[PDB]
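Computation of the quantities below employed the complete heavy-atom set of this structure, encompassing side-chain atoms and omitting hydrogens, waters and symmetry-equivalent molecules. Start at 1 and go down the list; that is how both ligands and their atoms are numbered. Proteins get letters first, then strands, A, B, ... in listed order; numbering begins at 1 in each.
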Number of protein chains: 2
Amino acid sequence: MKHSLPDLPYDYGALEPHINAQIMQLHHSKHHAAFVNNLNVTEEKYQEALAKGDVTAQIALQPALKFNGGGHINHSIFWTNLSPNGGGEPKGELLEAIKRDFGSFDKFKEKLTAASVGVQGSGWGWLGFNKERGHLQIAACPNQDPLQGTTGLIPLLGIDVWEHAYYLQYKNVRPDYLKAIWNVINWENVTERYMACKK
Amino acid sequence: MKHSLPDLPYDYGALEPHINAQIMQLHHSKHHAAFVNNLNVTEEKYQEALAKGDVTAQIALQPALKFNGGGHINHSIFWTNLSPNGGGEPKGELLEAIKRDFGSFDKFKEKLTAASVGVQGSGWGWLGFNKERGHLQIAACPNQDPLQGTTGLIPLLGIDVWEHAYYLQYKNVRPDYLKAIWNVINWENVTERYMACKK
Ligand SMILES: [K+]
Ligand SMILES: [Mn+2]
Ligand SMILES: [Mn+2]
């Protein structure tokens, strides 16, 4: 009934030196925790407004619902997209799809990096699956706007480019963070999400 | 709760020649009716998504909720803002507030006309009440985004500047529609809404 903060699947320092433990602890225990609690508060308000047929109240709650709900959706995926066992390249059908849709794994990395570096302000870069077209697709999302809820694409790999995802360690140089994060991508998880899209 | 299309407070031809009967009938029985019908469908989908804790579905439903819910809110106010007995100027505290906040009734008309003419695409011009500042305020809203739900201002008088509000009669010449609508403003209703803010 109530959304809950998932435990991080590894130690706060498991991704060093690529993402330091201070970032991981703040990002999970402060940023994500606030989204979950605030999401539950917003949902309860929305349920009351819906039962009363208060459309003005429903609409006034939309920014908080998308922001906190998206924050919960995005970070819950993000933690599983990273791993101390990550990095390198995927294999199997996901690697084949990457080569087919983007030319090569390196070209895909460049395209997702470009989308992630190109976010002006806060947001996310995504590798997604387009169910209707049956192929991979890159998109960027502002703030906490979640991929599937706002575009219909199924999320496979998300790169958080909010400043809190990198600033303590990499300061203003977002490209240094993007270079580092490729070393911890949990391709086992991305592959699982991809295979779940195909039937 | 099931939303319902409110009866129009007058005959479809009651606002002639300023807004013709064909427009009024289409606007109420087709456009507003569709907002009500689609709002009810969207609200039911939201009830299902809330019970399942499906945040992705909640967020995917937001555009339809704001569009149809806002359409229902906006048009329900709009019908009461007009009258066959309308036109002229308000009196009492509303006229005093208009003179105080905009300089004169004529200057207020210029400002609300300008905000309404300035909408690029579909939208609405509004005279609202700012509860925190305790004074009147003009704002424009895109599409069916409702005034109170998106800005907190209490709606007093709305001018629909979607093309369906005027096109059959005035074609591309939105300024002619804006000049004509002043002849049917129900200042009695605007006054009631204004006095309800100070009460
Ligand atoms: K360590
Ligand atoms: Mn984040
Ligand atoms: Mn309309």
From the Mn ion (ligand 3) out to just under 2.8 Å, does an N/O/S atom of B:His75 turn up?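 Under 2.8 Å: B:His75 contacts the Mn ion (ligand 3) through an N, O or S atom.
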The Mn ion (ligand 2) to A:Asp160: nearest N/O/S atom name: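 That would be atom OD2.
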Quick check: does A:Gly13 put an N/O/S atom under 3.4 Å from the K ion (ligand 1)?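 A:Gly13 does place an N, O or S atom closer than 3.4 Å to the K ion (ligand 1).
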Going by side chain to side chain contact (heavy atoms under 4.5 Å, CB included), name the residues that satisfy it together with A:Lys111, two or more places apart in sequence or in a different chain.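 Side chain to side chain contact (heavy atoms under 4.5 Å, CB included) list for A:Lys111, sorted by chain: A:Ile138.
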Scan side-chain atoms only and decide if B:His27 and B:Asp160 contain a donor-acceptor pair under the 3.5 Å cut-off.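 Checked: B:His27/B:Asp160 side chains pair up, N/O donor to acceptor below 3.5 Å.
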Can you find a side-chain donor-acceptor pair between A:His72 and A:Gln144 that sits under 3.5 Å?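 No.
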Give the atom name of whichever N/O/S atom in B:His27 sits closest to the Mn ion (ligand 3).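 The B:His27 atom nearest to the Mn ion (ligand 3), restricting to N, O or S, is NE2.
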Over 60° means perpendicular and under 30° means parallel, so classify the ring planes of A:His164 and A:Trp162, tilted if in between.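 A:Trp162 vs A:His164 ring planes: tilted.
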